[PDB]
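Have a look at the structure below before the remarks.
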Amino acid sequence: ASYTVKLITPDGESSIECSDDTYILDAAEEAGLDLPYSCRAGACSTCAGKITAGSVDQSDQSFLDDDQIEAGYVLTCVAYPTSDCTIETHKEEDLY
C-alpha cells in the first residue's frame with residue numbers, strides 16, 4: 001500500500017496508489033469518503049467517486065474501485081491489487 005496517486009474528494013487533494021489491492025476504506029475516500037460500512041462487497045452504493053478504479057482490477061476480488069475494470073463507476077468494491085488509484089470525487093459535480 002503506497003496511497004499517493006491523484007485522488008480528490010470533499011477532502012480536496014488525496015494521494016492513493018495502494019499498488020497492493022485498492023485499500024478498503026482508504027481507496028474508499030476515493031469512493032467518496034463515505035466509508036461504505038453497509039455491505040463492503042457489492043450490495044449498497046456508498047462507494048461512489050467518478051471512476052476510483054485506479055488500475056489492476058477486474059476479477060470481483062479486492063474490495064475497492066473497479067466497477068469492472070478502470071472505472072470505479074459504481075461497483076468500486078470489485079477490484080484487484082491496483083498499481084495506482086484515481087477518483088474524480090473532486091469537483092463534487094457542483095463546484096469543488
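The way I read the labels, and the way they are meant: chains A, B, ... in the order of the C-alpha cells, residue 1 as the first residue of every chain, and ligand 1 as the first ligand shown, with later ones counted on from there.
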Item to check | Test item: residues at most 9 Å from residue 62 of chain A, only C-alpha atoms, excluding those fewer than 4 positions along its chain, as a list in words | outcome: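 Here the answer would be residues 21, 22, 23, 24, 41, 57, 77, 78, 79, 80 and 81 of chain A.
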Item to check | Near-residue 55 of chain A list (10 Å; only C-alpha atoms; drop same-chain fewer than 6 positions) as a list in words | outcome: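 Answer for this query is residues 17, 18, 19, 21, 22, 65, 66, 69, 70, 71, 72, 79, 80, 81, 82, 83, 84, 85 and 86 of chain A.
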Item to check | residue 89 of chain A environment, 6 Å, only C-alpha atoms, sequence neighbours closer than 4 positions dropped, as a PyMOL selection string | outcome: chain A and resi 8-9+32+49-50
Would you write out those residues with C-alpha atoms, as a PDB file, in the first residue's frame?
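Contents of the output file out.pdb:
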ATOM      1  CA  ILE A   8      -9.584  14.232  -4.593  1.00  0.00           C
ATOM      2  CA  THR A   9     -12.926  14.450  -2.844  1.00  0.00           C
ATOM      3  CA  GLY A  32     -16.388   9.428  -1.675  1.00  0.00           C
ATOM      4  CA  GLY A  49     -16.383   8.511  -6.810  1.00  0.00           C
ATOM      5  CA  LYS A  50     -16.093   9.413 -10.513  1.00  0.00           C
TER       6      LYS A  50
END
Item to check | Residues near residue 47 of chain A, cut-off 7 Å, only C-alpha atoms, skip fewer than 3 positions along chain, as a ChimeraX atom specification | outcome: /A:28,31-32,34,36,74,76
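One finds atom CA of residue 12 of chain A at 13.5 Å from atom CA of residue 94 of chain A.
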Item to check | Per-residue DSSP, chain A, filtered to strand (DSSP E or B), as an MDAnalysis selection string | outcome: chainID A and resid 6:8 13:15 62 79 87:88
Atoms to include: C-alpha atoms. Write the selected residues as a PDB file, in the first residue's frame.
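Writing the result to part.pdb gives the following:
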ATOM      1  CA  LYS A   6      -4.228  11.522  -7.964  1.00  0.00           C
ATOM      2  CA  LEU A   7      -7.213  11.463  -5.631  1.00  0.00           C
ATOM      3  CA  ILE A   8      -9.584  14.232  -4.593  1.00  0.00           C
ATOM      4  CA  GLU A  13      -6.112  16.738  -2.536  1.00  0.00           C
ATOM      5  CA  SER A  14      -5.877  13.000  -1.771  1.00  0.00           C
ATOM      6  CA  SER A  15      -2.942  10.716  -2.702  1.00  0.00           C
ATOM      7  CA  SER A  62     -10.311  -6.913  -3.989  1.00  0.00           C
ATOM      8  CA  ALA A  79     -11.073  -4.538  -7.875  1.00  0.00           C
ATOM      9  CA  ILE A  87     -11.031   9.168  -8.316  1.00  0.00           C
ATOM     10  CA  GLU A  88     -12.875  12.127  -9.626  1.00  0.00           C
TER      11      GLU A  88
END
Item to check | Top pick for closest residue to residue 73 of chain A, considering A:11, A:30, A:20, A:92 and counting only C-alpha atoms | outcome: A:30
